[PDB]
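Number of protein chains: 2
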Amino acid sequence: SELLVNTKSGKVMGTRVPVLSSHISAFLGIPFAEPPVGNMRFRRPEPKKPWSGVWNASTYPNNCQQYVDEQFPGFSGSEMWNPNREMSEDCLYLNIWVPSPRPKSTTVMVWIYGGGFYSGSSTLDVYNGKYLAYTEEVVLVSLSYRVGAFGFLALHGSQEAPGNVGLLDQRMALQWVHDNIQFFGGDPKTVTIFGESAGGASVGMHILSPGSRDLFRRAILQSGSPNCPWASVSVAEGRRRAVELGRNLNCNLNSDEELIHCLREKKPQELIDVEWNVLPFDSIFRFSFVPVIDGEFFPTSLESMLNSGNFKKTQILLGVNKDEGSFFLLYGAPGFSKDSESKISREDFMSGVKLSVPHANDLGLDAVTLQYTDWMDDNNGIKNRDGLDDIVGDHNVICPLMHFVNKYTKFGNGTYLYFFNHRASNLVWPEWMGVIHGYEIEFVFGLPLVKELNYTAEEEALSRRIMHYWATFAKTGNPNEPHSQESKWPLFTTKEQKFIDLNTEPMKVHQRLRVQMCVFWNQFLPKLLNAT
Amino acid sequence: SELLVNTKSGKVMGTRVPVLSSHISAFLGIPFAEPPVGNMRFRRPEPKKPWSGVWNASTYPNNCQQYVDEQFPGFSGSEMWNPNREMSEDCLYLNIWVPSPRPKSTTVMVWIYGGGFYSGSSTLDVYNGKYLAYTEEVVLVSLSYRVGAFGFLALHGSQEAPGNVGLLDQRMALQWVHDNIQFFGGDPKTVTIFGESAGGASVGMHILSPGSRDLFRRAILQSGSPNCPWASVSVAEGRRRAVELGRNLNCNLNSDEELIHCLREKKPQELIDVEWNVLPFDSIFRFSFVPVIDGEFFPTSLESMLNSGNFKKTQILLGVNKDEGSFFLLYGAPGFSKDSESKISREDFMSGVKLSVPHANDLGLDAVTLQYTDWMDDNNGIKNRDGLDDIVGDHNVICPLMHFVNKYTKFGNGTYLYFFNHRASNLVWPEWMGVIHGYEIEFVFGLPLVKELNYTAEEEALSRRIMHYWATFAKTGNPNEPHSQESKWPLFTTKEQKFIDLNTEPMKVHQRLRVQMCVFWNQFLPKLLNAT
């Protein structure tokens, strides 16, 4: 049977699913690890024990325990990101979409969801891999991993809560793909991992980590890189946050053993209800439990690794969205509202700057403010609103990714950069937010090909181009068709630094993506904060 | 006789001079102080003793001893600024141009020449006051003052070389005008002092100094303000430079008495030959002997004086030229040449930045460089050349004047600001230098009205407008004609900060002259250097 697959862990039974008037196979909820529950909470994952009989993989698995956004009850804009399945600590499963008839050895794409390392689900409607699997004829895999304290609580030095276990979940899933995807028609030597935001940072982290490098061929990073200011913390800060968490739940803090044991006795929701209280600063775009530079998963600091070429050398495709920061300002910055134009005053502008660069001293705050203020029109509400939007995006997403790409490209075997600047015609979020963080995902997974979702003809065409770029890159290491007559996506080189825009207009190639600001965020500001 | 005038110091005999096919009276070389020679070198000036008989004021006086530019031998561009009379320490004289028939009580304008406090002459062809006196019917006075070590050697604490004596020469000349201009037809209660560069800084200094304020009515400052980074030094730096000067001439340095006595035995040219060796830094736009914040001429720091309104409150007219810095780069920055386009490399750009802001630490140099670099086109020779030109002008002239105007306007009775951006059609300097430091002077003194000098018809018209603005301002405190139909020069206010351009095109009003850069130079950079 096409729906029956015998893997090294046991037999699995998939289900046939309709897609654009055709069909493909889907294997949902395949376990790749032992449920990290009880005494296993906070521990590195263990391989799923082989099973006898047939594993029923016809329905989505549970979603990992996580904070749930309730800022806009009922609103599709935000609820489309919330878990759509029951939450459970028993959540380490993966999903596979296989073309029909089943391929023999086709290209594999493994999706790693984002969510600031504190949320995310592989089961969201925007992550339905059936469209991409069907249209590009690839085996599409989406994995899952522990988030929040459950996946990143870090008490370095102890083996009970070492940290980075969420990244180890991802690695274990990749290990399963490497060992079993051949039975689903996939080519284990041609796997491309791709992800957005924290998922993009994760992909970059696997490129860096010695223990993950051999598990994939190529990589795609969307709006996220390993060196992002929010993506990781020191073992010291990790420890500090772990202890403060214990303090919020009145835990015994005399020893790690004491703290960990006390935390393992708490229901999931108890840790989640106080998770946000451990941040060191009043801030925006900063998350509590994230990866930690431990000396194991990450041999040394990320900067020294990027500088010495200590990372997997292969081809990479990556880029950002035009307005990465609007989402975080809407939720946490004074003056921003979902139902108004959010024109910002001088007062709230500087209030926002302080929130966006929490680690900055006064001189630093002044530098940022001067860098993004038009003094010939300083009380212009729209300029202050957009200036703040740019700050959040440049500091947290764009400039860090540009630092990564420039450092990587010196040792890599091929880089392709994009700038996604098309605002979907059916977006429910306000106009002032622009091309929002995460809204390029729907074009990557091809939702515009489904009429009932209400996209325009040009948006469907844009989705097919993007899906074809991603899949062709995954297959060949180059997004372009060898002998195509279409416009060519130039290779980003250390010298030219070319990139393309991604929208419904004829392809336009540019150079040095936001260089002016990136030099400020990557060279000047850090030097200023270190000297003063 | 129209050429005979009896003043409180004695009788003076002028001469009749032709001007634009007409004539006026000229009284040249009137002494206003005792010759500051011998034991008087470095001392405050003493009033000229009254004389019997008639003083022959028909020929220009000598020029004060000074460094003489020989960088371009024969070249009119530079030689038009060099002394055109024999140099002598006996040089404290003034010149007066009086309309014919002699007025009864007309507006007076006293010109104070510039020259970085190290040079300058009241006798240059560009300072011939006959045109302005004749055309606007005002009594035009040009004074002189000691420059270089002779006028600013400062050994605070001693009365033999206290410093600021050059400013006291100016004050003494103003005192003479106040006491005697009535005999030449001038109204002593309606005197406007005006000057360019160091002369503009001087005017601002008289506005600040309690002892000079009662000696004039209004003021005009051209490309210079008292708070310019090159216009003054601390008593400590003054002392240090005075001692280093003595060290270059092998003087006894055990006591001020020793040093001063040794310096008074030197010929003028001996001090001048080593004058430039005492600067503390390798620099551009920095002069050796300049005014010093002594606690007498200047009660306190200039900034505290500007902040507390401790200065003469009246009307002021001031402005700058488009390319104030090109002159200093041509002479002292690597990569610049008079006969080439001077396209600058990245290397020489940063070399130039270091020379332009000598007092800056590395972080500071980086801030400036980032502020003036277009990272999308960093190796563009023309952009680097112009960027450097802007740096020198903004830091040394424009931003300091904008700080002054904004501080002054809070307590003043009327401010008028201009931006001179017309490059004379007959300029001999290269095109890359643009609207050069000091080249608005010729339009102010009306040289374009003389055909033989080769200006265009529009430049003559521009000169008449400017002369009429200056003279009408001197007379009424407002450059505009009450019931004129002409375009109006708006008043600069704390709120609107309006200013006008000065060229051959229809008047255009603007706002916040170079605000972006001025906030960098007046608020951010100083804060950075103080914190780091």
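Going down the list, the sequences are from chains L and A. Position 22 (the first sequence) corresponds to 22 in this note's numbering; numbering is contiguous. So the number in this note's numbering is just where the residue sits in the second sequence, counting from 1, plus 532. Cβ atoms here follow ideal geometry from the backbone N, Cα and C, with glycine treated the same way.
Would you mind giving the Cβ-Cβ distance between residue i and residue j, rounded to the nearest angstrom? I have them listed as a contact below 8 Å.
i, j, result
"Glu-2 of chain L", "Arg-102 of chain L", "6 Å"
"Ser-342 of chain L", "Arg-385 of chain L", "5 Å"
"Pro-188 of chain L", "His-178 of chain L", "5 Å"
"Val-924 of chain A", "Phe-819 of chain A", "So it is not a contact: roughly 14 Å between Cβ atoms."
"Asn-396 of chain L", "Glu-303 of chain L", "Not really, about 17 Å apart at Cβ, beyond 8 Å."
"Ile-739 of chain A", "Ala-751 of chain A", "6 Å"
"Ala-360 of chain L", "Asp-169 of chain L", "That belief does not hold up - the Cβ atoms of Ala-360 of chain L and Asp-169 of chain L are roughly 34 Å apart, past 8 Å."
"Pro-568 of chain A", "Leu-626 of chain A", "Not quite, the Cβ-Cβ distance comes to about 15 Å (not below 8 Å), so this is no contact."
Using alpha carbons as the reference points, say which of the options lies closest to residue i.
i, options, result
"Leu-747 of chain A", "A:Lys-844, A:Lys-1040, A:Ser-1019", "A:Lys-844"
"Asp-1033 of chain A", "A:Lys-1027, A:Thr-1025, A:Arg-1044", "A:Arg-1044"
"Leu-249 of chain L", "L:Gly-224, L:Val-278, L:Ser-223, L:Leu-221", "L:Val-278"
"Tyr-1001 of chain A", "A:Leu-985, A:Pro-1022, A:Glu-984, A:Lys-983", "A:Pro-1022"
"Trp-629 of chain A", "A:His-969, A:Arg-750, A:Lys-662", "A:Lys-662"
"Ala-133 of chain L", "L:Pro-162, L:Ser-100, L:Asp-323", "L:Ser-100"
"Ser-610 of chain A", "A:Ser-651, A:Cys-596, A:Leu-624, A:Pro-579", "A:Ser-651"
"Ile-441 of chain L", "L:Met-433, L:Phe-420, L:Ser-88", "L:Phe-420"
"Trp-111 of chain L", "L:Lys-104, L:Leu-124, L:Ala-242", "L:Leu-124"
"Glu-668 of chain A", "A:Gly-770, A:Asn-1010, A:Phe-1056, A:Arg-996", "A:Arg-996"
"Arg-771 of chain A", "A:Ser-729, A:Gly-756, A:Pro-742, A:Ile-825", "A:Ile-825"
"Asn-180 of chain L", "L:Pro-334, L:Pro-430, L:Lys-104, L:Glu-275", "L:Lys-104"
"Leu-20 of chain L", "L:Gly-114, L:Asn-128, L:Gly-74", "L:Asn-128"
"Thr-1064 of chain A", "A:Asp-894, A:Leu-933, A:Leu-994, A:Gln-1017", "A:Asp-894"
"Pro-506 of chain L", "L:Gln-497, L:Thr-494, L:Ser-487", "L:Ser-487"
For residue i versus residue j, is the C-beta spacing smaller than 7 Å?
i, j, result
"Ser-653 of chain A", "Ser-674 of chain A", "no"
"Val-822 of chain A", "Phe-649 of chain A", "yes"
"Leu-140 of chain L", "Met-109 of chain L", "yes"
"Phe-1024 of chain A", "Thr-947 of chain A", "yes"
"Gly-732 of chain A", "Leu-706 of chain A", "no"
"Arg-44 of chain L", "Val-165 of chain L", "yes"
"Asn-62 of chain L", "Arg-85 of chain L", "yes"
"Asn-321 of chain L", "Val-243 of chain L", "no"
"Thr-504 of chain L", "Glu-458 of chain L", "yes"
"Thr-638 of chain A", "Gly-717 of chain A", "yes"
"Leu-388 of chain L", "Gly-332 of chain L", "no"
"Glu-460 of chain L", "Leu-447 of chain L", "no"
"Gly-195 of chain L", "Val-203 of chain L", "yes"
State the DSSP-derived secondary structure class of residue i, mapped to helix, strand or coil.
i, result
"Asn-56 of chain L", "strand"
"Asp-294 of chain L", "coil"
"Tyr-455 of chain L", "coil"
"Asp-362 of chain L", "helix"
"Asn-1012 of chain A", "coil"
"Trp-111 of chain L", "strand"
"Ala-665 of chain A", "helix"
"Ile-752 of chain A", "strand"
"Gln-511 of chain L", "strand"
"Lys-266 of chain L", "coil"
"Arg-779 of chain A", "helix"
"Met-737 of chain A", "helix"
"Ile-876 of chain A", "coil"
"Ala-993 of chain A", "helix"
"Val-544 of chain A", "strand"
"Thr-373 of chain L", "coil"
"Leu-417 of chain L", "strand"
"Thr-472 of chain L", "helix"
Which residues of chain D have a Cβ atom closer than 7 Å to the Cβ of residue i, listed in chain order?
i, result
"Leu-895 of chain A", "Reference to chain D is not applicable here, since the protein chains of this structure are L and A."
The region 797–817 of chain A contacting the region 678–692 of chain A, beta-carbon criterion three pairs below 8 Å = Yes, since at least three Cβ pairs between the region 797–817 of chain A and the region 678–692 of chain A fall closer than 8 Å, the two stretches touch.
request  = Answer yes if the region 359–379 of chain L comes into contact with the region 1044–1061 of chain A, meaning at least three C-beta pairs across the two stretches below 8 Å, and no otherwise.
outcome  = Yes, since at least three Cβ pairs between the region 1044–1061 of chain A and the region 359–379 of chain L fall closer than 8 Å, the two stretches touch.
ask   = Should the region 556–568 of chain A be called in touch with the region 578–588 of chain A, which here means at least 3 C-beta pairs below 8 Å?
value = The region 556–568 of chain A is in contact with the region 578–588 of chain A.
key: the region 372–388 of chain L touching the region 281–296 of chain L, judged by at least three CB pairs closer than 8 Å   = When C-beta atoms of the region 372–388 of chain L are compared with those of the region 281–296 of chain L, fewer than three pairs fall below 8 Å, so the two segments do not count as touching.
query = Below 8 Å, can you find three or more Cβ-Cβ pairs linking the region 831–851 of chain A to the region 1003–1018 of chain A?
reply = With a cut-off of 8 Å, the region 1003–1018 of chain A and the region 831–851 of chain A count as touching, because enough Cβ pairs lie within range.
inquiry  = Using 8 Å as the cut-off, can you tell me whether the region 538–546 of chain A makes contact with the region 515–522 of chain L, which would need three or more C-beta pairs spanning the two stretches below that distance?
reply    = Result no; under three Cβ-Cβ pairs closer than 8 Å.
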